[PDB]
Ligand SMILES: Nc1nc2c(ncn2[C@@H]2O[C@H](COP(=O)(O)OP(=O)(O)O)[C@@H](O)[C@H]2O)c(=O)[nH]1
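Taking the form deposited without the named molecule, here's one chain by itself in structure tokens.
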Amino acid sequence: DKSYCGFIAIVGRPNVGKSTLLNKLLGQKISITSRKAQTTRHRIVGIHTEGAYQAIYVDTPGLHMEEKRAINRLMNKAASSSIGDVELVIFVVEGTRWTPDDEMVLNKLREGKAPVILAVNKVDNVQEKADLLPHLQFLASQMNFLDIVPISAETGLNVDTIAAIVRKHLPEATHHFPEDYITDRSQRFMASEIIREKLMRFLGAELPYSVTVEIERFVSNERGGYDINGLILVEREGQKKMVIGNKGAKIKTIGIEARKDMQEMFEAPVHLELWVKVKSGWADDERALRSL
């Protein structure tokens, strides 16, 4: 009978695992991690809808009036239509690291009426726990966190835990967005989206969890046309062989079919270059082929 919907923040200095945490929270089988300097004007970074709950994830602790009108334009709603406020904040930090950049973010939060969760990422990396406890005690000394939760974004350590608090903070309200609305309407996202389907379609029963599509390059040329470079990141090594398939079949197909739509959708032929890769890093041979 009742539904809940609200905005939630995910802040932290760059390269802390924010994007990885977001994808785990969005709960999509095949995710789409973009690398944009092109900061949205609405700051929406993803929307998780499930049952009566709709959490709208933003990358700002507080939503400006400017950001409120932009969210409305995104929804094609009157600029005057009411938009709430951030109800929770997930402050992500990296293990035992603490730069003036981490403080910069922390400084912007404390000065708010929104509760904040400290998400300590890559906590397993710190092989010297003798660094951890002292650190965590120093962190908690920075402000009153609603909670301090250590996570592994690539394992989903305490993502369910953060998922639960997040929902507890969704105010009673009607959803602002239709279920599968797109906040990224760029061609670059359209591209990632076509690859995503081809993987889902062609991998079939062999699709593993945690796959991530991403456009490393989308451009035109001095000779004209659309140069698109797809990056299909996977968790394991053997998984990488799946996406590639027998003789290179599966990755061949996914690429022709994906290129097809990229052309049917966009209005220009595209030279699509699809690269499978394990998130832990390229391999020797791969690093070689990546230079050819």
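Only residues modelled in both forms are compared. For clarity, a rigid core is taken as the largest C-alpha set superposing within 1.5 Å between two forms. Don't overthink the numbering: it's just position in the shown sequence, from 1.
On average the C-alpha atoms of 154 to 162 have higher B-factors than those of the other stretch, with 154 to 162 and 138 to 146 being the two compared. If you average the C-alpha B-factors over 281 to 289 and over 2 to 10, the higher value belongs to 281 to 289.
The maximum CA B-factor among the listed residues 109, 88, 119, 199, taken from the PDB record, is found at 109. Per the deposited coordinates, the residue with the largest Cα temperature factor out of 258, 26, 58, 228 is 228.
In this PDB entry, the Cα temperature factor of residue 179 sits in the bottom third of its chain's modelled residues, the lowest group.
Residue 265 sits in the highest third of its chain by CA B factor, as recorded in the PDB entry. In this PDB entry, the Cα temperature factor of residue 187 sits in the top third of its chain's modelled residues, the highest group. In the PDB entry, a CA B factor belonging to the lowest third of its chain's modelled residues is recorded for residue 43.
Residue-level temperature factors show residue 37 in the highest third of its chain, judged at the C-alpha atom.
Keep in mind that the form deposited with the named molecule bound is not shown, yet the notes after this line are about it.
Shown alone, this chain has one stretch from 212 to 220, 145 to 153, 109 to 117, 185 to 193 that lies within 4.5 Å of the named molecule in the deposited complex by heavy atoms: 145 to 153. Taken together, 14, 18 and 125 are fully in contact with the named molecule in the deposited complex: each brings a heavy atom within 4.5 Å. Among the candidates 260, 35, 41, 252, displacement between this form and the one not shown reaches 2 angstroms at the C-alpha for one position only, 35 (superposition on the rigid core). Core-superposed comparison between this form and the one not shown: the C-alpha position of residue 51 differs by less than 2 Å. Compared with the form shown here, the Cα atoms of residue 69 and residue 36 sit 3 Å or more farther apart in the deposited complex. Cα-Cα spacing of residue 83 to residue 36 is enlarged in the deposited complex versus the present form (difference of at least 3 Å). Shifted segments between this form and the one not shown, defined as at least 3 consecutive common residues whose CA atoms all move 2 Å or more after rigid-core fitting, lie at 34 to 38, 221 to 224.
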